[PDB]
């Protein structure tokens, strides 16, 4: 099972200057629930933006750097290596990896941020006539979660 896992805004912005443009704690909880116990695969720049591996799951980093080596991180050097990872594998980002994999994944867990942010990195365009809506759940707004957002589970038709 190969899935995308992404938060993107109304124009599909996912990042600005190596950071998330927005602060949404509920989306962090969403990611932890989905991916604890499984595998995250991310590009090198996504990994550097996080700083360190995320706990209690396998962290796989794709890079051409043969010197890359981080305690708690498994390194792969080819897209093809992804297809040798067991278990449930989530493509975690960023733009380059999403572009490489959106045509390969079985399904996508998208958090749509219902806002328009300045970005320099984007999720690729997709059309809902390629993807069925398995579920769509509005995120709950409160003091610490103040941007409207929707959790989609899209499965390839």
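Positions refer to the first chain, counted from 1.
- When the C-alpha B-factors of 126-134 and 108-116 are averaged, 126-134 comes out higher.
- Of the two segments, 63-71 and 89-97, the one listed with the higher mean B-factor is 63-71 (C-alpha atoms only).
- Residue 40: CA B factor in the lowest third of modelled residues in this chain (values from the PDB entry).
- When the CA B factors of the chain's modelled residues are split into thirds, the value for residue 150 lands in the lowest one.
- Per-chain ranking of the deposited C-alpha B factor places residue 11 in the lowest third.
- Ranked by Cα temperature factor within the chain, residue 50 sits in the highest third according to the deposited record.
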